[PDB]
Structures are given as structure tokens and as C-alpha cells.
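Worksheet for the structure shown next.
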Amino acid sequence: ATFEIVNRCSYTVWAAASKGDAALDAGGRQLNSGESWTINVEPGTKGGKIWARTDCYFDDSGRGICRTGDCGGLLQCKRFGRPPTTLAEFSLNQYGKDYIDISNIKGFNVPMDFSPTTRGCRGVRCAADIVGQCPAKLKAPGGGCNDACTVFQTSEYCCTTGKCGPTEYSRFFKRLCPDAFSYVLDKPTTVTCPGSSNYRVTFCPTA
């Protein structure tokens, strides 16, 4: 499956793509404002994620740090990024269908649209100014808006026991972005697409 990753932000981002225990494609790349990077994701990929990283410095060996979303200091991510990270999430070719969503469970850094480029389903978007509106206690000084689990490490926010409810913090994310997951047990906003669809992830879609 191809994923066209487009940076419409006015700032550079470092895109990342992983399934947690491995890179997807090259795993990460710089995208200046306006740049597009197309990656290939193997059919059947389960639990894949694409995200943006901000304020990154890498040396000539591809090692450094990003102010949001850093993945073990690598340009080319193998593993998931450090919150806060707006997440484009997907599982492909699951009994004949693909499943896509956007999640704020790991916080928010950069606004995103995640849409099919092929027939048969609809896209999702979280493009509100979550960083600007972020509750004081959730603000990430590197930038971004942390989720409450990251900040407070409680069963209720992290849904560790499986019985959690919405919270004042989850409701903030849900108010600003109704079509993204706001906590683990949120009413799903996953979209079912045809198996083997292709996609575009656009950072700062309303830029």
C-alpha cells in the first residue's frame, strides 16, 4: 500500500512510520514545507502508525533528538515516538478490509488529515488548534499537548484496568477533534476501507 505523506505546515516536520517493533519503509524522513514523501507499507501491516516530529536535530549518522515524537533519537524510526504525537493509525488487509483512524491518546503535536486516495470510504481529520487551546496542565514545554496518561500516570487516564471513563482532559481533545480517539475506551471513530486501499496523510491540512 502506498501512503503519500504531505507536509502542508509552514514549518519542517520529520515524518515517521513504524509498527512498533519495526520501521515501515525507511521509517522516517525530513519533509520541508510543501514536500511529499511516498512510502510503501506491506499488505497485512497491523498496528501501523504515521506521525510528525517537530524541532529535530540529526547528525550525519541519523542520530539526534526531536522536541516532539522522538523515536529513540533516530531519523529513521524503528519504534513509536515519544508523546505528544498526533497519530495516523492503520491495520491493513484484516479479513478483507483496512481500518484507519486518528488518535489523540498519545497527545497532539501537529494537525493531520488521514484520507484514502482510492475508492470506498472517507477520511478523518484532526486539525483544530489543540496546542494553542491546550489545558495548562497538559502543555508540553517542547511543544505540543500531552495526553493525561502521559502527564499523570493513573489507571483512570491510562485505562489500565479496562474500565475507565471519559475525563475532563479527554473531553478537551474530543471537543476540539470529535473524529479522533480521545481516550482508550472512546467510542471508536475508526473507518473501514476496502482492503488494499492507498492513502494520503497531510500535516496541517487547513494551512
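Any read-out appearing in this document is the output of simple, stated calculations on the displayed coordinates, not a laboratory observation.
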Could you work out the helix-only [θ] at 222 nm for the chain, with each DSSP H run of four or more residues adding -39,500 (n - 2.57) and the total divided by the number of residues, to the nearest 500 deg cm²/dmol? -2000 deg cm²/dmol
What is the chain's relative contact order, in percent, from Cα pairs under 8 angstrom and six or more apart in sequence? 24 percent
Share (percent) of C-alpha pair distances in the range 125-207 greater than 22 Å works out to 34 percent
